[PDB]
Structure formats: C-alpha cells, structure tokens
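What follows is a short report on a single structure.
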Amino acid sequence: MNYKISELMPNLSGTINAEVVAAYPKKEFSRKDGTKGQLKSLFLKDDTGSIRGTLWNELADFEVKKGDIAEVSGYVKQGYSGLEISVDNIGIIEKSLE
C-alpha cells in the first residue's frame, strides 16, 4: 500500500513518494531519555498535496537534495506544523552505483 501525501492521517505509519522541495542542514541534540539524537528538516510535495518532513538520528546524515525524487517511509501525526511525518526509512529513487 503505497501512500500519497493526501492519504496521510494522524498516527499513520506508512510509505509515500514525493519530491524534495527544500533541504535543510542537520541538527544534533540530546533526547530527554539521555541518549543523543539528531534532527534534519525537509519539505516534500506531490500532486495530491505537500507535507513537512523530519529525519531523526542517523537519518539526519542521509544525503537529500532539492529536486530529487525520494520514497519516504514515516510515522505521520498531528502536532508540529499541523501534521508532521516522523521518518522511519528514507531513500532516493534516482540513486545508482557501479
């Protein structure tokens, strides 16, 4: 079940396909529980709508460029900026190797 940005509902863990409209530098803080945690700010858009993306921990180091096609798996909910998607898995579809 591949979701669109319009199919995203609060407390929904799912995977979507969208374009990276904005890519912001990572951030490094400490979780309330004591363990270290990273944070990276992103923006995604699709024909069905647009959403604000959020990478945690090692995912905040992941290379994501403005204009690249990415498939983002995350936990969407209501709260930050109205609706935030806490990314669980992220990958750039256009990637390749030797």
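Backbone-built Cβ (ideal geometry, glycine too); neighbour counts: all protein chains shown. Values in this text are rule-based calculations from the coordinates and carry no lab data.
Give me the residue from region 72-98 that is of a type in the set (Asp, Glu) and free of Cβ contacts under 8 Å to residues at least 60 places away in the same chain and, out of that set, nearest to residue 31 (Cα to Cα). Within region 72-98, the match that is nearest to residue 31 (Cα to Cα) is 84. Looking only at residues of region 16-27 that are loosely packed, with under 15 Cβ neighbours inside 10 Å and either free of Cβ contacts under 8 Å to residues at least 24 places away in the same chain or among the polar types (S, T, N, Q) (or both), we find that the one that is farthest from residue 66 (Cα to Cα) is 25.
Mind listing whichever residues of region 61-89 are of a type in the set (A, V, I, L, M) and touching an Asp or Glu at 6+ places or on another chain (Cβ under 8 Å)?
69, 70, 76
Residues that are β-branched (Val, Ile, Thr), without any contact (Cβ under 8 Å) to a residue 40 or more places away in the chain, surrounded by fewer than 16 Cβ atoms within 10 Å (Cβ to Cβ) and not in a strand (DSSP E or B): does region 44-54 have at least one? Looking through region 44-54, none of the residues is β-branched (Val, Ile, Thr), without any contact (Cβ under 8 Å) to a residue 40 or more places away in the chain, surrounded by fewer than 16 Cβ atoms within 10 Å (Cβ to Cβ) and not in a strand (DSSP E or B).
Note on region 55-98: among residues that are aliphatic (A, V, I, L, M), exposed (fewer than 14 other Cβ atoms within 10 Å of the Cβ) and part of a loop (DSSP other than H, G, I, E, B), the one that is farthest from the chain's Cα centre (by Cα) is 97. Within region 1-54, the set of residues being under 11 Å from the mean Cα position of the chain (by Cα) and aromatic (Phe, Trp, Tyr) comprises just one member, 43.
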